[PDB]
Amino acid sequence: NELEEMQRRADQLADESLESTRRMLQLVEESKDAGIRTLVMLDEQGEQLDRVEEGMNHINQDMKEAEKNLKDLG
Amino acid sequence: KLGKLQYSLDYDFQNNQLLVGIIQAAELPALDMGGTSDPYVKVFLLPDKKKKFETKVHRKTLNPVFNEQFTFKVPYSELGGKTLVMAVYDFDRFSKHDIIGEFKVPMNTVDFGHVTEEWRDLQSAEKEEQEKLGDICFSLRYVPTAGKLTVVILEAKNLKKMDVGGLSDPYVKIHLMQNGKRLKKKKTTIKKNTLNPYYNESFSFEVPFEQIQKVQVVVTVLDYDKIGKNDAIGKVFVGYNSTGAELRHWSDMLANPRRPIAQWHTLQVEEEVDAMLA
Amino acid sequence: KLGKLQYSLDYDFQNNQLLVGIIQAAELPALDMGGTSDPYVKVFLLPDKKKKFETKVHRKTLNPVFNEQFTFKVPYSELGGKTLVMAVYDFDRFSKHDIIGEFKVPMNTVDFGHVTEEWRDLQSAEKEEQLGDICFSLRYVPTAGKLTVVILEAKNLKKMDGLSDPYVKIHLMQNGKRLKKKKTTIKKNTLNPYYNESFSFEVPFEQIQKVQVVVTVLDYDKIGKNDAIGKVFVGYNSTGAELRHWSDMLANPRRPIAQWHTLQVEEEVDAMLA
Amino acid sequence: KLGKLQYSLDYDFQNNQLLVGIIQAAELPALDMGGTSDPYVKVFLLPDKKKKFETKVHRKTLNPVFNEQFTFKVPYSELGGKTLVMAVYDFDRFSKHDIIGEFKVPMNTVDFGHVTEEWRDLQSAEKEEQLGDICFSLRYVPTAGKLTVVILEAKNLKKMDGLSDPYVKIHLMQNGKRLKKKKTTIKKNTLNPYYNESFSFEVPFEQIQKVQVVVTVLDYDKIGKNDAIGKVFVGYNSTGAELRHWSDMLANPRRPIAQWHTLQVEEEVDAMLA
Amino acid sequence: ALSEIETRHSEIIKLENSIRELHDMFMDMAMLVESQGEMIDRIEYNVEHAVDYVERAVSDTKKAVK
Amino acid sequence: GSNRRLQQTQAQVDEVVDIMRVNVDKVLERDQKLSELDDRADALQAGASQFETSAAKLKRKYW
Amino acid sequence: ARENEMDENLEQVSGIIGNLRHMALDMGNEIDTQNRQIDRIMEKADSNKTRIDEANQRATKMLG
Ligand SMILES: [Ca+2]
Ligand SMILES: [Ca+2]
Ligand SMILES: [Ca+2]
Ligand SMILES: [Ca+2]
Ligand SMILES: [Ca+2]
Ligand SMILES: [Ca+2]
Ligand SMILES: [Ca+2]
Ligand SMILES: [Ca+2]
Ligand SMILES: [Ca+2]
Ligand SMILES: [Ca+2]
Ligand SMILES: [Ca+2]
Ligand SMILES: [Ca+2]
Ligand SMILES: [Ca+2]
Ligand SMILES: [Ca+2]
Ligand SMILES: [Ca+2]
Ligand SMILES: [Ca+2]
Ligand SMILES: [Ca+2]
């Protein structure tokens, strides 16, 4: 009857589950690579942010000096 | 010279088995003793690592006749993902049995409904460069003005088994070498029980831009053994005497200042790496 | 349509502060491409000039969960004249953050005795246009002193509140004063009502160039002040099609002049009648 | 330039008819050889499908006197959506009668209460071409999902209305729907404006081959709808130089591609965006 | 039983979908971080030019009281 | 076990989903802060340029 | 066996997911620190904005 079809249904669903697992592997691999690139980008942006902050500091110092000179002119 | 091999092929649907027929090979090279050969043929299924069969040995013949048949216990559904390999070995009493020539037949192209039998010219066997040692990814960032070199050990993968009965206990040690001298020894943490360790650990060094082209950076992946000296899994080196992808990464680091460049590197055997170091 | 929002509301009498609770929104429109919006909710007092609070941003969700609460330092006595506005916005990286949908709760209708939590459907945040059209005829006879305003019909009036309950009220104004207040019947459930209702007024030939006629189309609300759909004015200080219709009416005595007019916002009309 | 025309206009409410008065034209171009034209005036309703009336022909005169009037059986209520076109033609014996110059009067702006009579300068009847050129750069980054449109400049746009007030509006369209509406600054009095204005949009790498970018250059009119100078579109279903620029942009990621584009008529562009 | 294998299959597919959401989430992460990176670049440009202008102004103000 | 591997994997997956979601929202906030800092930076360099102009005028005037 | 390949896949996927957990954590920490950093930078930005505006104001006032 549908016995054969039942067995082949079991095999089929097993296949679907397996290929599903393969898809999982590929997806977590891609996720992994994207994650690494993300981390490196975060590093770059981080160092950039540090240099920007130090830049703001230097701007602050220089502007303080200019402020002093303006108070001298006043 | 390319010899020929006559083979038979048929599938038994009743018992779910593959019938491999070794008839004869023709036009064989004048190897082994001068003027004649002693050829023995080894047949095996490529995906499977099951015990390899070998035909009888024939003494002193360039045109040997085996007329032997083998049976492979293989399901018909899984045969779609298999491939038959026939390799024509040679014989040497006091030497290593050099392989004369092999060839492979994809089972997906074979019609087992009709009895198959074909002549196939042999091809020179492919050679592996080494056992899979592994890869390691890290990023390189260099800023000339400050002279700081930031090496962020990102990760590694496909590392070779070291500890017996176990996978690995990997860690990374970076050596800043110059003039055959080890100067700075920095290492990462130990990631227990893994073949794909994750570090994401930043390191820093002092490197003036006047000496940037005269320094060597040795990234060494090792396995931790609880007792005894920790055996080294592999190692790579960038900088002076660097080749290929390493020199590529170094050049990328130089071409990109104040910016990190993440890259993968294929590990080589410790001996050859130590050899390439002047 | 535009969606629902579950909000909480409670007043703390001890510390004299208002607690506004944003829980979660449901059934939100797709708005931006990629199949989902990036919603965050701005909540503010209707009359506060203070910085308006905003919730955290949730990435790609039509049913976001904020679970945030804001506090407004506001007296209980003065809260009666305020209303609360909750606006749901969509986050966009390189563009102006388009608002998903907002809604308002009158504080005079809120029972602060019980902790409030309710689902409320969002409303259309902004309207680009500023009402509808209305056709009527004008007839003036100098010798008799009769001003005949026959409300003919209307069309394309905006939906209020059911669909709408439109009706026409005619105000005869002079020197900024309302003299006679006449109204038409109500045509239930329609955006294009038909009236054909004749009205008559007393306008001496000494004052014909000194009178204002303000036709106002309104929608009836069962509870509360009946909201205004639109209004127009013809006569003295009249502009455009209105002035055209009036001047035509003056040039043609003992004869009716039928014309359409586009309704304008109540504010500008009330301002120009000063 | 092209000349002036003195016309009369009045509506008869009694007989329900429109009276169009052609008196005389002044300062007309020479057009045909021999030093003078042979003018006659065709007058017609903007929307009438009926035979269009024409005055008598005057031989060799730049300042002709017709003194003719035509009648259009048209209701006062339906006249609001019509415009009147007066076209001055030159008579030629063996050739196609070249039109000297025409002009149009919107009936919604006309006060029919007073008998109208005015001098009006003729306008250039026909244009052979169908707008102008505009240069901009395109940048797309798949990983970031950024679409950068930097409006660089424009040149040779046609004069509108003063000379012109050109500005650029960028419309990000998808599936026939307008998603983001961005606009540039206005460079006053110029036919070759310089912008160099950077814009950015969100375009997922799943939809990059499914988006349309419609760049429209317009002129600002102080009163009325701002007339369109021209417009182009790049991306999906894009043609010619546009498709070239888009495909080049796709082949070159993280890199800007500057290019010129010839503006097309609004009608054909709006038709092709269906 | 077919029920057992089918349930196992269902749980497996659920795990796959969860990992898909995680995947899209990571890609989204990388994308956002990238765009932010470019914006950061622009900020850095503005800050550097600001440093230049500040340096000029300071130099001139210092040289003014001399 | 066979089912236990699936359960453990599922738990880990959903956990990483939560964490990553939190992180994505954090990167949204970061995006806002970066937009604001962008605007402030542009305005700042503009004002700095203007101050440079004024400084040039005052220098060329008082020296 | 195919179930063996399936289970191996499950194990590898699990480990990789754990790695993604660590990555996510370190990522989160860095993001947090950089957010704080952005706050500091914006504060300094407003301060320097104030100083520059005031200095330019007085500078323009001293004209004459
Ligand atoms: Ca890969
Ligand atoms: Ca940092
Ligand atoms: Ca710092
Ligand atoms: Ca031999
Ligand atoms: Ca031998
Ligand atoms: Ca070992
Ligand atoms: Ca070990
Ligand atoms: Ca949006
Ligand atoms: Ca969004
Ligand atoms: Ca209470
Ligand atoms: Ca009602
Ligand atoms: Ca002619
Ligand atoms: Ca002629
Ligand atoms: Ca009349
Ligand atoms: Ca204009
Ligand atoms: Ca925030
Ligand atoms: Ca903020």
# chains A, B, ... in the order shown; residues from 1 in each chain; ligands from 1

call {"tool": "residues_near_ligand", "arguments": {"ligand": "ligand 2", "cutoff": "6 Å", "atoms": "only C-alpha atoms and all ligand atoms", "output": "NGL selection string"}}
result
:A and (46-47 or 50)

call {"tool": "residues_near_ligand", "arguments": {"ligand": "ligand 1", "cutoff": "9 Å", "atoms": "only C-alpha atoms and all ligand atoms", "output": "number ranges by chain"}}
result
A: 26, 29-30, 33

call {"tool": "residues_around", "arguments": {"residues": "residue 28 (chain G)", "least_positions_apart": "2", "cutoff": "10 Å", "atoms": "only C-alpha atoms", "output": "list in words"}}
result
residues 39 of chain A; 19, 20, 22, 23, 24, 26 and 27 of chain F; 22, 23, 24, 25, 26, 30, 31, 32, 33 and 34 of chain G

call {"tool": "write_last_selection", "arguments": {"atoms": "N, CA, C and O atoms", "output": "mmCIF file, in the first residue's frame"}}
result
data_model
loop_
_atom_site.group_PDB
_atom_site.id
_atom_site.type_symbol
_atom_site.label_atom_id
_atom_site.label_comp_id
_atom_site.auth_asym_id
_atom_site.auth_seq_id
_atom_site.Cartn_x
_atom_site.Cartn_y
_atom_site.Cartn_z
ATOM 1 N N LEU A 39 34.133 43.097 13.655
ATOM 2 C CA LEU A 39 35.040 43.373 14.763
ATOM 3 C C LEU A 39 36.214 44.237 14.320
ATOM 4 O O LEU A 39 36.577 45.203 14.996
ATOM 5 N N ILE F 19 21.663 38.261 22.492
ATOM 6 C CA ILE F 19 22.867 39.084 22.601
ATOM 7 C C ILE F 19 23.062 39.985 21.381
ATOM 8 O O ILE F 19 23.234 41.202 21.505
ATOM 9 N N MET F 20 23.024 39.370 20.205
ATOM 10 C CA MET F 20 23.214 40.079 18.947
ATOM 11 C C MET F 20 22.129 41.128 18.719
ATOM 12 O O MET F 20 22.400 42.173 18.142
ATOM 13 N N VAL F 22 20.492 42.825 21.140
ATOM 14 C CA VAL F 22 20.918 43.901 22.028
ATOM 15 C C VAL F 22 22.016 44.733 21.372
ATOM 16 O O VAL F 22 21.955 45.968 21.345
ATOM 17 N N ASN F 23 23.009 44.040 20.822
ATOM 18 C CA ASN F 23 24.113 44.699 20.136
ATOM 19 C C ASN F 23 23.666 45.542 18.943
ATOM 20 O O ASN F 23 24.155 46.653 18.754
ATOM 21 N N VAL F 24 22.732 45.024 18.150
ATOM 22 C CA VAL F 24 22.215 45.752 16.992
ATOM 23 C C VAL F 24 21.508 47.035 17.416
ATOM 24 O O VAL F 24 21.685 48.088 16.792
ATOM 25 N N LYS F 26 22.185 48.640 20.129
ATOM 26 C CA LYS F 26 23.302 49.469 20.572
ATOM 27 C C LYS F 26 23.960 50.186 19.394
ATOM 28 O O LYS F 26 24.376 51.340 19.511
ATOM 29 N N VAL F 27 24.044 49.499 18.259
ATOM 30 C CA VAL F 27 24.640 50.074 17.058
ATOM 31 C C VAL F 27 23.681 51.078 16.415
ATOM 32 O O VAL F 27 24.108 52.000 15.717
ATOM 33 N N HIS G 22 30.927 34.258 21.900
ATOM 34 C CA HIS G 22 32.063 35.097 22.293
ATOM 35 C C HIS G 22 32.300 36.382 21.496
ATOM 36 O O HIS G 22 32.523 37.464 22.071
ATOM 37 N N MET G 23 32.232 36.254 20.173
ATOM 38 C CA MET G 23 32.390 37.394 19.276
ATOM 39 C C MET G 23 31.365 38.470 19.588
ATOM 40 O O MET G 23 31.698 39.650 19.668
ATOM 41 N N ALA G 24 30.117 38.050 19.765
ATOM 42 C CA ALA G 24 29.027 38.956 20.096
ATOM 43 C C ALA G 24 29.293 39.704 21.398
ATOM 44 O O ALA G 24 29.008 40.898 21.505
ATOM 45 N N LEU G 25 29.843 39.002 22.382
ATOM 46 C CA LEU G 25 30.129 39.611 23.677
ATOM 47 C C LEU G 25 31.220 40.675 23.576
ATOM 48 O O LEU G 25 31.018 41.824 23.995
ATOM 49 N N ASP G 26 32.368 40.298 23.015
ATOM 50 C CA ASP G 26 33.469 41.251 22.853
ATOM 51 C C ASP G 26 33.026 42.456 22.025
ATOM 52 O O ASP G 26 33.352 43.611 22.343
ATOM 53 N N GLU G 30 33.025 46.439 23.177
ATOM 54 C CA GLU G 30 33.679 47.478 22.385
ATOM 55 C C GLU G 30 32.691 48.571 21.982
ATOM 56 O O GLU G 30 33.001 49.759 22.068
ATOM 57 N N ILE G 31 31.507 48.157 21.536
ATOM 58 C CA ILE G 31 30.446 49.087 21.159
ATOM 59 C C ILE G 31 30.080 50.014 22.315
ATOM 60 O O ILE G 31 29.926 51.222 22.128
ATOM 61 N N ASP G 32 29.953 49.441 23.509
ATOM 62 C CA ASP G 32 29.645 50.218 24.705
ATOM 63 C C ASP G 32 30.721 51.271 24.962
ATOM 64 O O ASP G 32 30.426 52.470 25.102
ATOM 65 N N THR G 33 31.972 50.813 25.014
ATOM 66 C CA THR G 33 33.100 51.702 25.283
ATOM 67 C C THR G 33 33.163 52.838 24.262
ATOM 68 O O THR G 33 33.399 53.999 24.616
ATOM 69 N N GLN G 34 32.926 52.502 22.998
ATOM 70 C CA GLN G 34 32.955 53.496 21.935
ATOM 71 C C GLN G 34 31.784 54.464 22.042
ATOM 72 O O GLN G 34 31.900 55.621 21.649
#

call {"tool": "residues_around", "arguments": {"residues": "residue 209 (chain B)", "least_positions_apart": "6", "cutoff": "9 Å", "atoms": "only C-alpha atoms", "output": "short mmCIF file (atom, residue, chain, number, x, y, z; two decimals) with N, CA and C atoms, in the first residue's frame"}}
result
data_model
loop_
_atom_site.label_atom_id
_atom_site.label_comp_id
_atom_site.auth_asym_id
_atom_site.auth_seq_id
_atom_site.Cartn_x
_atom_site.Cartn_y
_atom_site.Cartn_z
N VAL B 143 51.23 52.41 12.39
CA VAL B 143 51.27 53.87 12.33
C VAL B 143 52.71 54.36 12.49
N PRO B 144 53.28 54.91 11.41
CA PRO B 144 54.69 55.32 11.34
C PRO B 144 55.09 56.37 12.38
N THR B 145 54.23 57.36 12.60
CA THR B 145 54.55 58.47 13.49
C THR B 145 54.80 58.05 14.94
N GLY B 147 55.12 54.74 15.81
CA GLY B 147 55.95 53.55 15.75
C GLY B 147 55.32 52.36 16.46
#

call {"tool": "residues_around", "arguments": {"residues": "residue 61 (chain G)", "least_positions_apart": "4", "cutoff": "12 Å", "atoms": "only C-alpha atoms", "output": "list in words"}}
result
residues 70 and 74 of chain A; 54, 55, 57 and 58 of chain F; 54, 55, 56 and 57 of chain G

call {"tool": "residues_near_ligand", "arguments": {"ligand": "ligand 17", "cutoff": "10 Å", "atoms": "only C-alpha atoms and all ligand atoms", "output": "list in words"}}
result
residues 54 and 56 of chain C; 29, 30, 31, 32, 33, 34, 35, 36 and 37 of chain F; 39 of chain G

call {"tool": "atom_distance", "arguments": {"atom1": "CA of residue 250 (chain D)", "atom2": "CA of residue 202 (chain D)"}}
result
15.2 Å

call {"tool": "residues_near_ligand", "arguments": {"ligand": "ligand 12", "cutoff": "10 Å", "atoms": "only C-alpha atoms and all ligand atoms", "output": "list in words"}}
result
residues 30, 31, 32, 33, 34, 36, 37, 38, 39, 89, 90, 91, 92, 93, 94, 95, 96, 97, 98, 99 and 100 of chain D

call {"tool": "residues_near_ligand", "arguments": {"ligand": "ligand 15", "cutoff": "10 Å", "atoms": "only C-alpha atoms and all ligand atoms", "output": "ChimeraX atom specification"}}
result
/D:160-166,188-189,219-223,226-227

call {"tool": "write_last_selection", "arguments": {"atoms": "N, CA, C and O atoms", "output": "PDB file, in the first residue's frame"}}
result
ATOM      1  N   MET D 160      12.270  80.003 -17.779  1.00  0.00           N
ATOM      2  CA  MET D 160      10.885  79.911 -17.333  1.00  0.00           C
ATOM      3  C   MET D 160      10.418  81.280 -16.845  1.00  0.00           C
ATOM      4  O   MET D 160      11.225  82.079 -16.370  1.00  0.00           O
ATOM      5  N   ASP D 161       9.118  81.547 -16.979  1.00  0.00           N
ATOM      6  CA  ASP D 161       8.509  82.801 -16.534  1.00  0.00           C
ATOM      7  C   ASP D 161       9.089  83.995 -17.289  1.00  0.00           C
ATOM      8  O   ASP D 161       9.244  85.080 -16.728  1.00  0.00           O
ATOM      9  N   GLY D 162      11.972  87.892 -15.139  1.00  0.00           N
ATOM     10  CA  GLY D 162      13.210  87.257 -14.726  1.00  0.00           C
ATOM     11  C   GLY D 162      13.612  86.114 -15.638  1.00  0.00           C
ATOM     12  O   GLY D 162      12.861  85.726 -16.532  1.00  0.00           O
ATOM     13  N   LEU D 163      14.805  85.575 -15.409  1.00  0.00           N
ATOM     14  CA  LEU D 163      15.323  84.480 -16.220  1.00  0.00           C
ATOM     15  C   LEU D 163      14.799  83.131 -15.735  1.00  0.00           C
ATOM     16  O   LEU D 163      13.935  82.531 -16.374  1.00  0.00           O
ATOM     17  N   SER D 164      15.320  82.658 -14.606  1.00  0.00           N
ATOM     18  CA  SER D 164      14.937  81.354 -14.069  1.00  0.00           C
ATOM     19  C   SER D 164      15.380  81.181 -12.618  1.00  0.00           C
ATOM     20  O   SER D 164      16.257  81.896 -12.134  1.00  0.00           O
ATOM     21  N   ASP D 165      14.759  80.224 -11.933  1.00  0.00           N
ATOM     22  CA  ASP D 165      15.147  79.857 -10.575  1.00  0.00           C
ATOM     23  C   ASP D 165      15.227  78.340 -10.423  1.00  0.00           C
ATOM     24  O   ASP D 165      14.354  77.727  -9.807  1.00  0.00           O
ATOM     25  N   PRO D 166      16.279  77.726 -10.987  1.00  0.00           N
ATOM     26  CA  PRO D 166      16.373  76.267 -11.095  1.00  0.00           C
ATOM     27  C   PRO D 166      16.789  75.586  -9.793  1.00  0.00           C
ATOM     28  O   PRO D 166      17.624  76.110  -9.055  1.00  0.00           O
ATOM     29  N   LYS D 188      19.598  81.303  -7.642  1.00  0.00           N
ATOM     30  CA  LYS D 188      18.751  82.320  -8.253  1.00  0.00           C
ATOM     31  C   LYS D 188      19.372  82.927  -9.506  1.00  0.00           C
ATOM     32  O   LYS D 188      20.560  83.250  -9.532  1.00  0.00           O
ATOM     33  N   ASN D 189      18.544  83.065 -10.540  1.00  0.00           N
ATOM     34  CA  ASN D 189      18.920  83.722 -11.790  1.00  0.00           C
ATOM     35  C   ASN D 189      20.123  83.074 -12.469  1.00  0.00           C
ATOM     36  O   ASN D 189      21.218  83.634 -12.473  1.00  0.00           O
ATOM     37  N   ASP D 219      11.710  74.591 -11.933  1.00  0.00           N
ATOM     38  CA  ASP D 219      11.807  76.033 -11.730  1.00  0.00           C
ATOM     39  C   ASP D 219      10.728  76.485 -10.752  1.00  0.00           C
ATOM     40  O   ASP D 219       9.575  76.074 -10.866  1.00  0.00           O
ATOM     41  N   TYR D 220      11.096  77.329  -9.794  1.00  0.00           N
ATOM     42  CA  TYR D 220      10.142  77.794  -8.791  1.00  0.00           C
ATOM     43  C   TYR D 220       9.299  78.960  -9.299  1.00  0.00           C
ATOM     44  O   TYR D 220       9.833  79.981  -9.732  1.00  0.00           O
ATOM     45  N   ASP D 221       7.981  78.796  -9.245  1.00  0.00           N
ATOM     46  CA  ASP D 221       7.066  79.889  -9.544  1.00  0.00           C
ATOM     47  C   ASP D 221       6.452  80.414  -8.250  1.00  0.00           C
ATOM     48  O   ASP D 221       5.934  79.640  -7.444  1.00  0.00           O
ATOM     49  N   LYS D 222       6.521  81.729  -8.054  1.00  0.00           N
ATOM     50  CA  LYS D 222       6.032  82.358  -6.830  1.00  0.00           C
ATOM     51  C   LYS D 222       4.546  82.093  -6.602  1.00  0.00           C
ATOM     52  O   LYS D 222       4.116  81.864  -5.472  1.00  0.00           O
ATOM     53  N   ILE D 223       3.769  82.129  -7.678  1.00  0.00           N
ATOM     54  CA  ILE D 223       2.344  81.835  -7.597  1.00  0.00           C
ATOM     55  C   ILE D 223       1.987  80.695  -8.542  1.00  0.00           C
ATOM     56  O   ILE D 223       2.320  80.730  -9.727  1.00  0.00           O
ATOM     57  N   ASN D 226       4.766  74.909  -9.300  1.00  0.00           N
ATOM     58  CA  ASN D 226       6.095  75.113  -9.859  1.00  0.00           C
ATOM     59  C   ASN D 226       6.297  74.261 -11.104  1.00  0.00           C
ATOM     60  O   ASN D 226       6.329  73.032 -11.036  1.00  0.00           O
ATOM     61  N   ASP D 227       6.426  74.936 -12.243  1.00  0.00           N
ATOM     62  CA  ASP D 227       6.590  74.278 -13.534  1.00  0.00           C
ATOM     63  C   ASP D 227       7.854  73.426 -13.590  1.00  0.00           C
ATOM     64  O   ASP D 227       8.875  73.770 -12.994  1.00  0.00           O
TER      65      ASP D 227
END

call {"tool": "residues_near_ligand", "arguments": {"ligand": "ligand 14", "cutoff": "9 Å", "atoms": "only C-alpha atoms and all ligand atoms", "output": "list in words"}}
result
residues 248, 251 and 252 of chain C; 10, 11, 12, 13, 112, 113, 114 and 115 of chain D

call {"tool": "write_last_selection", "arguments": {"atoms": "N, CA, C and O atoms", "output": "PDB file, in the first residue's frame"}}
result
ATOM      1  N   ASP C 248     -19.616  89.953 -10.037  1.00  0.00           N
ATOM      2  CA  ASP C 248     -20.524  89.479 -11.072  1.00  0.00           C
ATOM      3  C   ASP C 248     -21.970  89.642 -10.619  1.00  0.00           C
ATOM      4  O   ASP C 248     -22.839  90.018 -11.406  1.00  0.00           O
ATOM      5  N   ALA C 251     -22.827  93.269 -10.881  1.00  0.00           N
ATOM      6  CA  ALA C 251     -22.989  93.688 -12.269  1.00  0.00           C
ATOM      7  C   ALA C 251     -24.278  93.124 -12.860  1.00  0.00           C
ATOM      8  O   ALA C 251     -24.805  93.655 -13.838  1.00  0.00           O
ATOM      9  N   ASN C 252     -24.780  92.047 -12.263  1.00  0.00           N
ATOM     10  CA  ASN C 252     -26.023  91.432 -12.713  1.00  0.00           C
ATOM     11  C   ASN C 252     -27.119  91.454 -11.648  1.00  0.00           C
ATOM     12  O   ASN C 252     -27.179  90.570 -10.795  1.00  0.00           O
TER      13      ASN C 252
ATOM     14  N   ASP D  10     -15.980  89.710 -23.009  1.00  0.00           N
ATOM     15  CA  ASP D  10     -17.179  89.946 -22.213  1.00  0.00           C
ATOM     16  C   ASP D  10     -18.137  88.764 -22.315  1.00  0.00           C
ATOM     17  O   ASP D  10     -18.227  88.123 -23.360  1.00  0.00           O
ATOM     18  N   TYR D  11     -18.847  88.471 -21.231  1.00  0.00           N
ATOM     19  CA  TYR D  11     -19.820  87.386 -21.245  1.00  0.00           C
ATOM     20  C   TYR D  11     -21.243  87.925 -21.152  1.00  0.00           C
ATOM     21  O   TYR D  11     -21.547  88.757 -20.297  1.00  0.00           O
ATOM     22  N   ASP D  12     -22.110  87.448 -22.039  1.00  0.00           N
ATOM     23  CA  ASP D  12     -23.513  87.844 -22.029  1.00  0.00           C
ATOM     24  C   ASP D  12     -24.344  86.823 -21.252  1.00  0.00           C
ATOM     25  O   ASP D  12     -24.613  85.727 -21.742  1.00  0.00           O
ATOM     26  N   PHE D  13     -24.753  87.195 -20.044  1.00  0.00           N
ATOM     27  CA  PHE D  13     -25.515  86.302 -19.177  1.00  0.00           C
ATOM     28  C   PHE D  13     -26.944  86.090 -19.667  1.00  0.00           C
ATOM     29  O   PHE D  13     -27.562  85.067 -19.372  1.00  0.00           O
ATOM     30  N   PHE D 112     -15.630  88.764 -15.481  1.00  0.00           N
ATOM     31  CA  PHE D 112     -16.637  88.940 -16.521  1.00  0.00           C
ATOM     32  C   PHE D 112     -17.634  90.036 -16.159  1.00  0.00           C
ATOM     33  O   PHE D 112     -18.509  90.379 -16.956  1.00  0.00           O
ATOM     34  N   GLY D 113     -17.500  90.579 -14.955  1.00  0.00           N
ATOM     35  CA  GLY D 113     -18.353  91.662 -14.504  1.00  0.00           C
ATOM     36  C   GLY D 113     -18.102  92.951 -15.262  1.00  0.00           C
ATOM     37  O   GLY D 113     -19.034  93.699 -15.556  1.00  0.00           O
ATOM     38  N   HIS D 114     -16.838  93.211 -15.582  1.00  0.00           N
ATOM     39  CA  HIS D 114     -16.477  94.381 -16.371  1.00  0.00           C
ATOM     40  C   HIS D 114     -16.063  93.993 -17.784  1.00  0.00           C
ATOM     41  O   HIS D 114     -15.431  92.955 -17.990  1.00  0.00           O
ATOM     42  N   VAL D 115     -16.432  94.821 -18.756  1.00  0.00           N
ATOM     43  CA  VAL D 115     -16.042  94.579 -20.140  1.00  0.00           C
ATOM     44  C   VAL D 115     -14.530  94.717 -20.237  1.00  0.00           C
ATOM     45  O   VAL D 115     -13.971  95.757 -19.889  1.00  0.00           O
TER      46      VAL D 115
END

call {"tool": "residues_near_ligand", "arguments": {"ligand": "ligand 7", "cutoff": "10 Å", "atoms": "only C-alpha atoms and all ligand atoms", "output": "PyMOL selection string"}}
result
chain B and resi 161-170+192-193+222-228+230-231

call {"tool": "write_last_selection", "arguments": {"atoms": "C-alpha atoms", "output": "PDB file, in the first residue's frame"}}
result
ATOM      1  CA  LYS B 161      45.389  17.027  16.033  1.00  0.00           C
ATOM      2  CA  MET B 162      48.239  17.060  18.548  1.00  0.00           C
ATOM      3  CA  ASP B 163      47.278  15.492  21.872  1.00  0.00           C
ATOM      4  CA  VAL B 164      46.660  11.760  21.499  1.00  0.00           C
ATOM      5  CA  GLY B 165      42.998  10.751  21.555  1.00  0.00           C
ATOM      6  CA  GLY B 166      41.989  14.401  21.699  1.00  0.00           C
ATOM      7  CA  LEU B 167      41.559  17.327  19.328  1.00  0.00           C
ATOM      8  CA  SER B 168      43.727  20.245  20.464  1.00  0.00           C
ATOM      9  CA  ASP B 169      44.597  22.835  23.104  1.00  0.00           C
ATOM     10  CA  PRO B 170      45.648  25.726  20.822  1.00  0.00           C
ATOM     11  CA  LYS B 192      40.715  24.549  25.754  1.00  0.00           C
ATOM     12  CA  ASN B 193      39.377  21.753  23.535  1.00  0.00           C
ATOM     13  CA  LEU B 222      51.087  25.709  19.361  1.00  0.00           C
ATOM     14  CA  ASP B 223      49.163  23.068  21.309  1.00  0.00           C
ATOM     15  CA  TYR B 224      49.173  22.998  25.108  1.00  0.00           C
ATOM     16  CA  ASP B 225      50.160  19.704  26.716  1.00  0.00           C
ATOM     17  CA  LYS B 226      49.522  19.382  30.455  1.00  0.00           C
ATOM     18  CA  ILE B 227      52.787  17.497  30.963  1.00  0.00           C
ATOM     19  CA  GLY B 228      55.960  18.026  28.938  1.00  0.00           C
ATOM     20  CA  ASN B 230      54.215  21.906  24.256  1.00  0.00           C
ATOM     21  CA  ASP B 231      54.560  20.629  20.688  1.00  0.00           C
TER      22      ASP B 231
END

call {"tool": "residues_around", "arguments": {"residues": "region 248-263 of chain B", "least_positions_apart": "6", "cutoff": "8 Å", "atoms": "only C-alpha atoms", "output": "short mmCIF file (atom, residue, chain, number, x, y, z; two decimals) with C-alpha atoms, in the first residue's frame"}}
result
data_model
loop_
_atom_site.label_atom_id
_atom_site.label_comp_id
_atom_site.auth_asym_id
_atom_site.auth_seq_id
_atom_site.Cartn_x
_atom_site.Cartn_y
_atom_site.Cartn_z
CA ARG A 37 34.96 41.78 9.59
CA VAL A 40 37.94 44.65 12.66
CA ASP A 43 38.73 48.37 15.80
CA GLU A 44 39.41 50.86 12.99
CA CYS B 137 43.39 34.86 10.72
CA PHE B 138 44.69 38.08 12.24
CA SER B 139 44.83 41.80 11.46
CA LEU B 140 47.80 44.12 11.00
CA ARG B 141 47.85 47.86 11.75
CA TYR B 142 50.86 50.17 11.57
CA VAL B 143 51.27 53.87 12.33
CA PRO B 144 54.69 55.32 11.34
CA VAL B 238 55.86 38.13 7.73
CA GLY B 239 58.36 40.86 6.87
#
